[PDB]
Amino acid sequence: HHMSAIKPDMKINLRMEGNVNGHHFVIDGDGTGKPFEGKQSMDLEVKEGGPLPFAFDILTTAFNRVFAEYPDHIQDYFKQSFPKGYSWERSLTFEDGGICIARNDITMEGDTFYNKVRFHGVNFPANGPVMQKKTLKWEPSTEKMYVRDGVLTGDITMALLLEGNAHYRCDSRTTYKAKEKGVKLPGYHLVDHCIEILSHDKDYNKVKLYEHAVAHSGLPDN
Amino acid sequence: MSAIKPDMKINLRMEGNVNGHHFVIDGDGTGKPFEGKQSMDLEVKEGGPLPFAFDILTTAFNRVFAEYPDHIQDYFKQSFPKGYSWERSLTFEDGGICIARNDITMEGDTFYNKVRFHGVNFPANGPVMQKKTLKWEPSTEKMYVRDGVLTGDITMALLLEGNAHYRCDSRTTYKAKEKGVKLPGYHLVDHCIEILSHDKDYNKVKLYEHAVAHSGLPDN
Amino acid sequence: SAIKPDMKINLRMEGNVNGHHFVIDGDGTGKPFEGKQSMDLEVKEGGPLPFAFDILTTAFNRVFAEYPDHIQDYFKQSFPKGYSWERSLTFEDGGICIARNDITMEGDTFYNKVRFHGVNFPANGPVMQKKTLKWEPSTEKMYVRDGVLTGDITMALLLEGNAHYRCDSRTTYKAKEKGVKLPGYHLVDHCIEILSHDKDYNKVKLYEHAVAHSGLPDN
Amino acid sequence: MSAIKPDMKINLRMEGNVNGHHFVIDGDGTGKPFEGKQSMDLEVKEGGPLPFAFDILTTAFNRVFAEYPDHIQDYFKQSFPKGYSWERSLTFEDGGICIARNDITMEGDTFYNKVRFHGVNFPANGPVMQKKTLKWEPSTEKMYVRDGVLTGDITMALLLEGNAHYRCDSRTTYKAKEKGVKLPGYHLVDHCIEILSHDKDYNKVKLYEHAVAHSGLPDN
Ligand SMILES: O=S([O-])[O-]
Ligand SMILES: O=S([O-])[O-]
Ligand SMILES: O=S([O-])[O-]
Ligand SMILES: O=S([O-])[O-]
């Protein structure tokens with residue numbers, strides 16, 4: 001409908017501030033990605049509150065659905081929200097009562113996406129896998145995208161693999177809102193995700209993160 | 001070892017109660033277990049016409065009908081000849097809650113399904129009692145082990161009139177009849193279910209499902 | 001008028017938890033206006049039960065609640081014709097139960113047709129391992145939703161080792177007769193107790209006390 | 001001698017963000033810890049007029065203000081002079097979700113409250129963004145120990161215009177600052193909370209709460 005100004009190779013700048021279980025932190029991010037291939041990588045550095053007393057994994061989905069491969073037949077709300085950009089709000093509900101909220105305001109200047117991220121988490125039990133740092137990774141997921149109360153909404157059944165091979169369940173709901181008027185809303189669709197910490201130092205003060213995401217219509221034609 | 005044929009017949013009897021309304025539904029169909037495809041003709045034998053949306057029942061009418069790749073353990077085909085059973089909760093966003101069970105056995109080239117379905121707390125003016133549902137959207141079941149039992153969780157959504165959606169969370173626990181059947185690792189199962197045809201009051205329904213198991217990105 | 005100060009209670013429950021079928025008969029007595037009732041239960045089929053008896057006990061009638069004059073008593077007003085209820089029980093470890101009761105009256109006896117189904121209880125959870133001790137006293141929040149009287153409760157089972165096991169209850173209550181006036185928002189305090197039982201819980205004596213009120217500061 | 005005096009003052013500063021809207025609210029109040037009664041005058045310092053229902057904030061503006069009987073351990077009065085902190089989640093039935101924190105300290109006759117409040121996913125057409133709330137109904141908080149921490153769960157409801165209700169589930173975790181403060185057994189805390197008065201835009205609000213601990217039936 002208009003030129004997004006999104007290049008096949010983009011830079012990513014990010015600042016997160018937040019508080020989990022009373023512990024304040026600031027984390028900076030610098031990365032690169034390929035929006036049309038749905039792939040991105042980022043180097044993160046804890047600037048305040050290091051070392052973190054909680055599992056770094058709970059934060060990683062808060063570190064942009066622009067980085068998702070959208071096929072021609074599915075409306076791409078995220079790429080169409082640029083150059084102006086968009087924002088999202090998210091709740092994360094963990095099976096043991098831990099609850100997080102998160103926000104990201106996403107803008108673009110030239111070849112770089114800028115991200116102002118906030119993350120707040122409460123009610124994580126002392127001996128749960130989050131405060132005990134017993135998480136290994138997020139398992140691959142599928143986000144369900146649909147218009148709810150006039151707003152594009154993504155719901156996800158997520159699972160963290162734990163040490164000892166158990167899983168730890170988290171339900172995610174994200175609301176996505178374009179900054180500019182006139183962005184077409186998509187029909188129901190699915191977005192496959194996989195996210196991975198490629199490397200980190202001992203205290204997770206420095207972390208290299210990667211995501212791959214692909215939009216599709218599900219069976220039978222996916 | 002499983003004795004599962006490339007073409008199988010399916011016999012089904014469901015009895016249940018939703019909102020205090022009792023019903024009995026018989027099913028006769030055929031499927032291709034290794035293609036993850038199946039079809040069934042359903043007939044309401046008691047309780048017709050149903051005062052609620054037929055769609056709430058349809059996932060209760062067998063993960064044997066899922067295409068499993070070699071690298072993922074197929075718990076369901078490995079549960080035969082002896083068979084398996086499942087229990088399910090369906091939690092809808094307006095407080096409607098269903099439970100369902102199915103005991104699955106096999107005799108020759110026919111699967112037998114003893115199905116029970118109970119639903120409570122559906123609001124009088126919600127999309128279920130008002131029959132405003134159109135279809136289940138395609139879904140992806142998350143398969144994992146919890147307390148020694150294979151468990152599938154799904155973020156499901158019913159398409160409604162006007163292209164609204166009505167959310168339902170599914171949890172299924174699957175248990176082989178035979179002791180010591182090997183549990184699979186974490187995996188995904190893509191699903192799509194469709195009422196191909198029905199009469200006006202949904203006393204007669206033709207149902208279809210396609211399901212494929214996979215490892216998610218980046219492999220799938 | 002229809003309901004007497006001393007009433008008798010007849011009950012038949014049929015159900016299935018974890019794939020295990022059972023039938024339980026009940027005979028008891030209660031004082032509706034005092035909100036008190038007692039019942040002797042007997043497992044007729046499926047004994048000994050392989051799960052915690054405690055999960056069943058709220059399924060074994062809000063007629064047995066003391067309602068003050070300033071709150072509409074939907075339940076006593078539903079007789080002689082009677083009423084029905086549907087319930088979901090959502091336990092914190094994924095166990096989910098649904099239950100129904102059709103309540104009728106003839107003479108001085110209430111009759112209860114009860115159904116109870118439970119799924120997805122973990123093998124090593126407190127229910128399948130029978131590690132529950134009692135329900136803690138609760139308060140049911142009563143309100144109207146989509147024309148129907150609804151009760152929500154944050155409940156808790158005390159377990160061996162003194163931990164608690166959380167359950168959320170939603171009940172929908174429906175009078176048989178049309179035109180029964182719905183109450184305003186109110187609270188109902190409950191306490192439920194197994195007074196006695198044999199080793200396998202094939203025979204159980206159950207007791208409940210319930211009192212309706214307006215909450216602080218008027219309670 | 002006692003850290004808790006019959007008549008105490010309350011100073012409070014809340015900062016927060018609901019649906020992207022930043023705000024700062026100051027409070028000055030007085031209360032009677034032993035009678036479980038308190039009142040506070042609140043003033044929106046930044047972000048007025050608030051675009052959301054003020055009612056969602058009100059339980060975030062101290063369980064020291066609760067009448068505890070002799071037979072129930074009073075964790076909150078035992079937490080002073082050093083103080084305590086709480087974290088809370090508020091889960092509304094339409095997907096709006098809030099988290100809040102309060103760090104409570106004491107100097108002389110005054111409690112000091114550092115409060116943070118964050119809310120997301122409230123729909124534009126819902127009662128919160130539409131400002132259609134009237135009051136919280138009277139509630140009963142269920143207090144119990146989980147993983148060594150005092151925890152309170154509440155089935156809450158806002159009364160709406162037209163006399164419908166809007167449900168919210170609250171979980172609070174309470175933690176004394178000092179080591180070795182004895183945890184109480186299971187108990188109930190009754191609450192009622194009321195906006196006594198406000199100006200048109202809720203830039204100025206006078207708030208009141210009454211709370212009483214008890215053991216439930218038959219004890220109460
Ligand atoms: O991002 S994927 O490689 O987990
Ligand atoms: O079974 S699918 O085509 O909905
Ligand atoms: O019924 S009360 O005594 O638990
Ligand atoms: O404190 S009460 O009056 O809502």
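Letters A, B, ... mirror the listed sequences (proteins, then strands); counts begin at 1. Because only heavy atoms are used, hydrogens play no part in the values below, and waters and symmetry mates are left out as well, while side chains stay in.
- The part of C:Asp93 that comes within reach of chain B is its backbone (N, CA, C, O), which places non-hydrogen atoms under 4.5 angstrom from that chain.
- The residue among C:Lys174, C:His117, C:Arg115 with the most heavy atom pairs within less than 4.5 Å of chain B is C:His117.
- A salt bridge links C:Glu140 and C:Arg62; the closest N-O separation between the charged side-chain nitrogens and carboxylate oxygens is under 4.0 Å.
- Under 4.0 Å is where a charged nitrogen must lie from a carboxylate oxygen, and between B:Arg171 and B:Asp153 at least one such pair does.
- Salt bridge C:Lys8/C:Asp108: present, at least one basic N to carboxylate O contact under 4.0 Å.
- Between chain C and the residues B:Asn121, B:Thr172, B:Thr173, the largest count of heavy-atom pairs under 4.5 Å involves B:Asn121.
- Note: B:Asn125 leads B:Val149, B:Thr91, B:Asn125 in heavy-atom pairs under 4.5 Å with chain C.
- Using bins of under 30°, 30° to 60° and over 60° for the plane-to-plane angle, the ring pair C:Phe53/C:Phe60 lands in the parallel bin.
- Chosen from B:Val120, B:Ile97, B:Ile99, the residue pairing most often with chain C at heavy-atom distances under 4.5 Å is B:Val120.
- Neither the backbone nor the side chain of C:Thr150 comes within contact range of chain B, judged by heavy atoms closer than 4.5 Å.
- For B:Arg101, the part sitting under 4.5 Å from any heavy atom of chain C is the side chain, from C-beta outward, and nothing else.
- Note: C:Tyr83 and C:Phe75 meet the aromatic proximity criterion, with ring centroids under 6.0 Å apart.
- For the set C:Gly118, C:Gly94, C:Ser84, the count of heavy-atom pairs under 4.5 angstrom toward chain B peaks at C:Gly118.
- Centroid-to-centroid, the aromatic rings of B:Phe92 and B:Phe122 come within less than 6.0 Å.
- At a threshold of 4.0 Å, the pair B:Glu93-B:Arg167 does not count as salt-bridged, since none of the basic side-chain nitrogens sits closer than that to a carboxylate oxygen.
- With a threshold of 4.5 angstrom between heavy atoms, B:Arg88 approaches chain C through N, CA, C or O but not through any side-chain atom.
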